[PDB]
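Notes follow the structure.
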Amino acid sequence: XXXXXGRXXXXXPXXXXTXXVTXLXXXXXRXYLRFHXXXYXXXXXXX
Amino acid sequence: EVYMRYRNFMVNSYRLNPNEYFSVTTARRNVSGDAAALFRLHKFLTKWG
């Protein structure tokens, strides 16, 4: 019906500023250290 | 020239139905190009109304 010259345009529904736009194509119209290895009792203990 | 086309596509396809949120997903789907560039352009467009 609406198809024009081999083009299948059929599958279409047919029934501030106020600009006007064209329809169908819109455009303007833990762990804490332990004592060892912490450097005491490694220089100490006079007993 | 391609910038103008990106922008026109987005704005026109939004104005076809102004109460439907235009998402960057459809822009990414239809238009070829870097996705983050389209993302930034979409965000800029949303900024200026």
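Taken in order, these protein sequences are the chains called B and U. Our numbering puts the first residue of the first sequence at 8, with every later residue one more than the last. Our numbering puts the first residue of the second sequence at 1022, with every later residue one more than the last. Cβ atoms here follow ideal geometry from the backbone N, Cα and C, with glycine treated the same way.
is_contact[residue i, chain D] using C-beta, thresh 9 Å
i: residue 1035 of chain U; result: The chain inventory of the structure shown lacks chain D, comprising the protein chains B and U.
Chain-order list of residues whose beta-carbon lies under 8 Å from that of residue i (same chain, five-residue window excluded)
i: residue 1028 of chain U; result: 1062 and 1066
Residue i versus residue j - alpha carbon distance
i: residue 1055 of chain U; j: residue 25 of chain B; result: 33 Å
i: residue 1039 of chain U; j: residue 37 of chain B; result: 58 Å
i: residue 29 of chain B; j: residue 20 of chain B; result: 16 Å
i: residue 1024 of chain U; j: residue 1045 of chain U; result: 16 Å
i: residue 1070 of chain U; j: residue 1041 of chain U; result: 14 Å
Contacting residues, own chain, Cβ-Cβ under 7 Å from residue i (five flanking each side not counted)
i: residue 1048 of chain U; result: 1031, 1059 and 1063
Start-to-end residues for the alpha helix (DSSP H) that takes in residue i
i: residue 28 of chain B; result: Unbroken run through residue 28 of chain B: none, as it is neither H nor E.
i: residue 1030 of chain U; result: 1023-1036
i: residue 1059 of chain U; result: 1056-1068
i: residue 1040 of chain U; result: No alpha helix (DSSP H) holds residue 1040 of chain U; DSSP gives it neither H nor E.
Spatial neighbours of residue i in its chain, beta-carbon cut-off 6 Å, leaving aside the 5 residues before and after
i: residue 1050 of chain U; result: none
i: residue 31 of chain B; result: none
CB-CB length for residue i against residue j, believed under 8 Å
i: residue 1053 of chain U; j: residue 1043 of chain U; result: 18 Å between Cβ atoms; not a contact.
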